[PDB]
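Structure, as structure tokens:
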Amino acid sequence: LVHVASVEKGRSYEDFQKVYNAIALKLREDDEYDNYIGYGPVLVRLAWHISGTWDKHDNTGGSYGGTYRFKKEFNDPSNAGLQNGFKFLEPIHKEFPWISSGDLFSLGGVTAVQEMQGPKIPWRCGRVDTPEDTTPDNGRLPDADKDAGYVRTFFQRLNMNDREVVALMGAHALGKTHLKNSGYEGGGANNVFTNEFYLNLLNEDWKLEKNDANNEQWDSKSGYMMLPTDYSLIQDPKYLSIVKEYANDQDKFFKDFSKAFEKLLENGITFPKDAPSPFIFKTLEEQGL
Ligand code: HEM
Ligand SMILES: Cc1nc2ccccn2c1N
């Protein structure tokens, strides 16, 4: 199964920078969302869930086809809460109706990471909407109640190795869990992209507690929280080495996250030899906007 990137007709870097800017300006404007976290974290999560359905074995799922717009995928229990991200992006899509849905969802994630002072994420256009019958079934996204071996095996389906997994999970510095969405709660909240996930894992005093949905999670007296799958990264000795590396080197984490996140968002896509190079968008701050 082959998905060839096809540039939206006639479009170039400046067209996509305008879409980036409209997302980024709306991120600034709609600041009250989720007790003033704003929409940055939920857009990152959206970009990960539309990509994380990919299966390397048959090239089903993945960001290319924009299939999150269809009911089956929109209503995945694993996607609860992401409707807020979709609603945020609706007026963007209305203003730029030419961008494909996969390009818009993935660009939302890139824009959010950068606007939250994260690394630059190179981004390529050309995802093409595919029909409703190409929507992957529910159940391809990962469970949070599991251990390191589950996490490792799960991510092999996405062609990610230990380093890529540990780097990606650093996105869990962002946002928060919501009991009504996932059955997890707490850990305060954050809308600045940093390596603090790794510092918190290593430096906090963690207690295994049950939350109000009767699920286990790791809590600290400082009010932070870790999913069982988060905590598994310091229970496994190979993951632990990489956690320590990123806790001690912000720039290395940024560079590895950028590579893994781009790869995540491009899994399943064949880029023609004469496709444009990846775009690196300027932030609003770099533009003086
Ligand atoms: C084993 C892998 C993963 C598991 C089990 C997992 C699970 C979860 C859960 C249960 C939540 C809370 C959702 C809610 O209640 O609203 C969450 C939030 C979040 N996840 Fe993950 N996740 C994983 C990997 C990732 C990856 C790879 C990324 C992106 C690179 C990511 C980005 C986020 C973000 C940004 C949020 C906060 C969303 C918000 O504040 O609305 N996660 N994750
Ligand atoms: C702050 C924070 N953000 C997340 C996202 C996913 C899982 C846990 N998180 C915590 N504690």
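Letters A, B, ... go to the chains of the structure tokens in the order shown; residues in each chain start at 1; ligands are counted from 1 in the same order.
The residues sitting within 6 Å of ligand 1, with only C-alpha atoms and all ligand atoms considered, come out as residues 41, 42, 44, 45, 48, 81, 142, 143, 144, 151, 168, 169, 171, 172, 174, 175, 176, 177, 178, 179, 181, 182, 184 and 229 of chain A.
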For the residues in that selection, give me N, CA and C atoms as an mmCIF file, in the first residue's frame.
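The new file out-v7.cif reads:
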data_model
loop_
_atom_site.group_PDB
_atom_site.id
_atom_site.type_symbol
_atom_site.label_atom_id
_atom_site.label_comp_id
_atom_site.auth_asym_id
_atom_site.auth_seq_id
_atom_site.Cartn_x
_atom_site.Cartn_y
_atom_site.Cartn_z
ATOM 1 N N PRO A 41 -1.144 21.964 23.968
ATOM 2 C CA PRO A 41 -0.942 20.541 24.275
ATOM 3 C C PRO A 41 -1.938 19.648 23.555
ATOM 4 N N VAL A 42 -3.212 20.057 23.465
ATOM 5 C CA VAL A 42 -4.185 19.159 22.822
ATOM 6 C C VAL A 42 -3.919 19.062 21.301
ATOM 7 N N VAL A 44 -0.836 19.048 19.994
ATOM 8 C CA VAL A 44 0.245 18.072 19.915
ATOM 9 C C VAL A 44 -0.305 16.646 20.042
ATOM 10 N N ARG A 45 -1.187 16.437 21.023
ATOM 11 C CA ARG A 45 -1.784 15.140 21.214
ATOM 12 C C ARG A 45 -2.545 14.703 19.944
ATOM 13 N N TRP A 48 -0.209 13.518 17.274
ATOM 14 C CA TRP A 48 0.269 12.171 17.637
ATOM 15 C C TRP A 48 -0.800 11.124 17.408
ATOM 16 N N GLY A 81 -11.491 13.808 23.976
ATOM 17 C CA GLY A 81 -10.851 15.060 24.319
ATOM 18 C C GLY A 81 -10.303 15.761 23.084
ATOM 19 N N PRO A 142 -1.990 3.422 22.139
ATOM 20 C CA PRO A 142 -1.498 2.604 23.269
ATOM 21 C C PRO A 142 -2.270 2.795 24.558
ATOM 22 N N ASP A 143 -2.279 1.728 25.357
ATOM 23 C CA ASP A 143 -2.833 1.771 26.700
ATOM 24 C C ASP A 143 -1.859 2.399 27.711
ATOM 25 N N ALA A 144 -2.370 3.088 28.736
ATOM 26 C CA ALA A 144 -1.515 3.763 29.723
ATOM 27 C C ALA A 144 -1.242 2.912 30.982
ATOM 28 N N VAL A 151 5.293 -1.010 26.216
ATOM 29 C CA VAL A 151 5.623 0.225 25.505
ATOM 30 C C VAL A 151 6.613 -0.073 24.383
ATOM 31 N N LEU A 168 9.970 10.949 22.406
ATOM 32 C CA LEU A 168 8.562 11.301 22.176
ATOM 33 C C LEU A 168 7.811 11.506 23.478
ATOM 34 N N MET A 169 8.071 10.642 24.456
ATOM 35 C CA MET A 169 7.306 10.703 25.705
ATOM 36 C C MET A 169 7.548 12.008 26.456
ATOM 37 N N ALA A 171 6.927 14.810 25.477
ATOM 38 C CA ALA A 171 5.728 15.626 25.275
ATOM 39 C C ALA A 171 4.771 15.581 26.480
ATOM 40 N N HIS A 172 4.883 14.558 27.322
ATOM 41 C CA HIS A 172 4.053 14.510 28.518
ATOM 42 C C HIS A 172 4.415 15.528 29.603
ATOM 43 N N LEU A 174 3.720 18.413 28.755
ATOM 44 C CA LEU A 174 2.701 19.357 28.312
ATOM 45 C C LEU A 174 1.299 19.015 28.771
ATOM 46 N N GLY A 175 0.482 20.036 28.993
ATOM 47 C CA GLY A 175 -0.919 19.804 29.243
ATOM 48 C C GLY A 175 -1.164 19.107 30.557
ATOM 49 N N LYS A 176 -2.171 18.246 30.552
ATOM 50 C CA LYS A 176 -2.496 17.432 31.729
ATOM 51 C C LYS A 176 -3.433 16.292 31.362
ATOM 52 N N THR A 177 -3.649 15.383 32.306
ATOM 53 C CA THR A 177 -4.636 14.355 32.116
ATOM 54 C C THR A 177 -5.967 14.877 32.640
ATOM 55 N N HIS A 178 -7.048 14.336 32.106
ATOM 56 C CA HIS A 178 -8.388 14.702 32.496
ATOM 57 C C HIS A 178 -9.182 13.433 32.811
ATOM 58 N N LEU A 179 -9.722 13.322 34.033
ATOM 59 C CA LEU A 179 -10.331 12.059 34.430
ATOM 60 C C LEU A 179 -11.409 11.631 33.422
ATOM 61 N N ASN A 181 -11.648 12.147 30.269
ATOM 62 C CA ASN A 181 -11.151 11.690 28.967
ATOM 63 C C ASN A 181 -10.493 10.340 29.029
ATOM 64 N N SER A 182 -9.646 10.141 30.040
ATOM 65 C CA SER A 182 -8.735 8.985 30.022
ATOM 66 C C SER A 182 -8.760 8.109 31.251
ATOM 67 N N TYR A 184 -7.432 9.208 34.093
ATOM 68 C CA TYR A 184 -6.261 9.656 34.859
ATOM 69 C C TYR A 184 -6.473 11.104 35.213
ATOM 70 N N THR A 229 2.757 3.910 32.220
ATOM 71 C CA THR A 229 3.678 3.813 31.074
ATOM 72 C C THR A 229 4.808 4.860 31.119
#
Residues near residue 280 of chain A, anyone? I mean within 10 Å using only C-alpha atoms, not counting same-chain ones fewer than 4 positions away, as a PyMOL selection string. chain A and resi 13+17+110+120-124
N, CA, C and O atoms of the current selection, written as a CSV table (one decimal), in the first residue's frame:
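Full text of selection.csv as output:
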chain,number,residue,atom,x,y,z
A,13,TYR,N,6.2,27.3,0.4
A,13,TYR,CA,6.5,27.7,1.8
A,13,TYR,C,5.7,28.8,2.3
A,13,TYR,O,5.1,28.7,3.4
A,17,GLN,N,3.4,28.9,5.7
A,17,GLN,CA,3.7,29.8,6.8
A,17,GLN,C,2.5,30.6,7.1
A,17,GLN,O,2.3,30.9,8.3
A,110,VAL,N,3.0,20.7,14.9
A,110,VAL,CA,4.3,21.4,14.7
A,110,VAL,C,4.2,22.8,15.2
A,110,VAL,O,5.0,23.3,15.9
A,120,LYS,N,12.4,23.6,16.8
A,120,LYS,CA,11.9,23.6,15.4
A,120,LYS,C,11.7,22.2,14.9
A,120,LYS,O,12.5,21.3,15.2
A,121,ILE,N,10.5,22.0,14.3
A,121,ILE,CA,10.2,20.7,13.7
A,121,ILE,C,10.0,20.8,12.2
A,121,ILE,O,9.0,21.4,11.7
A,122,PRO,N,11.0,20.3,11.4
A,122,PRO,CA,10.8,20.4,9.9
A,122,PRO,C,9.5,19.7,9.6
A,122,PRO,O,9.2,18.6,10.2
A,123,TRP,N,8.8,20.2,8.6
A,123,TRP,CA,7.5,19.7,8.2
A,123,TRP,C,7.3,19.6,6.7
A,123,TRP,O,7.8,20.6,6.0
A,124,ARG,N,6.8,18.6,6.2
A,124,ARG,CA,6.6,18.4,4.7
A,124,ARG,C,5.1,18.4,4.4
A,124,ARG,O,4.3,17.8,5.2
Can you list, as a PyMOL selection string, every protein, DNA or RNA residue that comes within 10 Å of segment 59-76 of chain A when you count only C-alpha atoms, leaving out same-chain residues fewer than 2 positions away? chain A and resi 1-5+46-57+78-83+86+100-106+125-141+158+264-270
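Residues lying within 9 Å of residue 145 of chain A, counting only C-alpha atoms and ignoring same-chain neighbours fewer than 6 positions away, are residues 215, 216, 217, 227, 228 and 229 of chain A.
Remark: for ligand 2, the closest of the candidate residues A:274, A:245, A:256, A:196 is A:196 (distances computed over only C-alpha atoms and all ligand atoms).
Within segment 45-273 of chain A, the backbone-based DSSP assignment of strand (DSSP E or B) covers residues 55, 60, 123, 177, 186, 206, 207, 208, 209, 210, 216, 217, 218, 219, 220, 225, 226, 269 and 270 of chain A.
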Selection above as a file: N, CA, C and O atoms, as a compact mmCIF listing (two decimals), in the first residue's frame:
# COMPACT_ATOMS: atom_id res chain seq x y z
N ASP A 55 0.51 1.37 10.93
CA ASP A 55 1.04 0.03 11.06
C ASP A 55 2.09 -0.19 9.97
O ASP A 55 1.75 -0.23 8.77
N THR A 60 -1.26 0.68 6.75
CA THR A 60 -2.58 1.22 7.08
C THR A 60 -2.43 2.30 8.16
O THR A 60 -1.40 2.38 8.86
N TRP A 123 8.79 20.21 8.57
CA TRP A 123 7.49 19.68 8.22
C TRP A 123 7.34 19.65 6.70
O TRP A 123 7.76 20.59 6.00
N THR A 177 -3.65 15.38 32.31
CA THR A 177 -4.64 14.36 32.12
C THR A 177 -5.97 14.88 32.64
O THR A 177 -6.01 15.76 33.49
N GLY A 186 -4.68 14.83 37.26
CA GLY A 186 -3.75 15.53 38.12
C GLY A 186 -2.44 15.99 37.52
O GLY A 186 -2.35 16.18 36.31
N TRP A 206 7.92 9.53 44.25
CA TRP A 206 6.71 9.01 43.61
C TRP A 206 6.02 7.96 44.46
O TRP A 206 6.70 7.08 45.03
N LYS A 207 4.69 8.04 44.54
CA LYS A 207 3.86 7.04 45.27
C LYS A 207 2.84 6.44 44.32
O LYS A 207 2.17 7.17 43.57
N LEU A 208 2.69 5.12 44.31
CA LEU A 208 1.71 4.46 43.48
C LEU A 208 0.35 4.52 44.16
O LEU A 208 0.15 3.88 45.20
N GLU A 209 -0.58 5.30 43.60
CA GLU A 209 -1.86 5.54 44.24
C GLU A 209 -2.98 5.14 43.31
O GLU A 209 -2.74 4.86 42.11
N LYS A 210 -4.20 5.06 43.83
CA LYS A 210 -5.36 4.88 42.96
C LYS A 210 -6.10 6.19 42.86
O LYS A 210 -6.27 6.90 43.85
N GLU A 216 -4.57 2.95 38.79
CA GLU A 216 -3.29 3.28 39.39
C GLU A 216 -2.54 4.35 38.58
O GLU A 216 -2.51 4.33 37.35
N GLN A 217 -1.91 5.27 39.30
CA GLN A 217 -1.02 6.25 38.70
C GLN A 217 -0.02 6.64 39.77
O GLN A 217 -0.25 6.42 40.97
N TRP A 218 1.10 7.21 39.36
CA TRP A 218 2.16 7.64 40.25
C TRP A 218 2.02 9.13 40.59
O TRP A 218 1.98 9.95 39.65
N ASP A 219 1.92 9.45 41.88
CA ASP A 219 1.74 10.81 42.32
C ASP A 219 2.90 11.30 43.16
O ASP A 219 3.46 10.53 43.95
N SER A 220 3.23 12.58 43.08
CA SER A 220 4.25 13.14 43.96
C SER A 220 3.64 14.16 44.92
O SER A 220 2.59 14.73 44.64
N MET A 225 2.25 14.03 38.41
CA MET A 225 1.78 12.68 38.21
C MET A 225 2.47 12.08 37.01
O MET A 225 2.94 12.80 36.11
N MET A 226 2.52 10.75 37.00
CA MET A 226 3.04 9.93 35.92
C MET A 226 2.08 8.78 35.68
O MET A 226 1.65 8.10 36.64
N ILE A 269 4.37 7.72 4.44
CA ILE A 269 4.31 8.63 3.27
C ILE A 269 5.53 8.47 2.40
O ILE A 269 6.66 8.54 2.89
N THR A 270 5.31 8.30 1.09
CA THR A 270 6.40 8.28 0.14
C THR A 270 6.56 9.66 -0.46
O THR A 270 5.62 10.16 -1.08
